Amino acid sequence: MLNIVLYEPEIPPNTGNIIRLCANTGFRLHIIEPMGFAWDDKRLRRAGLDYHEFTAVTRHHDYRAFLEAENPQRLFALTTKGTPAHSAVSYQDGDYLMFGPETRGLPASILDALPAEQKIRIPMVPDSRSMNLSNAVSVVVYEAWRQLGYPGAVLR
């Protein structure tokens, strides 16, 4: 059982896409408030999300409340200032995978809470530009899920 964590997400369709992604992969989604948009925002549901897809989602008032509710064994953070490629890490049951907003990525007070080797990065060519957030989460999730042999996936 793997978990995605969105810190203060900013752009409604990214979060809509990531809810779909969690539904397709069996991962749980954690959202750390405050978000830059309302759940009621029409842009969120342009995706055509079913009711069932929201039952995987947990809202946390802030980062401390998330840590108290969830008590993550291992917490990874995607950051461009990170050392190992996200595929150089060995994922395992109960890992939480954490992402910052489309603009900022994650605050120092959160990144400093993590050892260096839990701060991962998605490889890029020199002089890259920022990646769409839901693309980044997809890559990170599927590589993890692959490492685990895709438990829960239709085998046919």
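Residues carry their position along the shown sequence, with the first being 1.
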Can you let me know which of the two, 22-30 or 109-117, has the higher average C-alpha B-factor in the entry?
109-117
Of the two stretches 124-132 and 49-57, which shows the higher Cα B-factor on average in the entry?
124-132
Per the entry's values, where does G94 land by CA temperature factor relative to the rest of its chain, in the lowest, middle or highest third?
highest
Ranked against its chain, the third holding the CA B-factor of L148:
highest
Using the temperature factors of the C-alpha atoms in this entry, rank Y63 within its chain: lowest, middle or highest third.
lowest
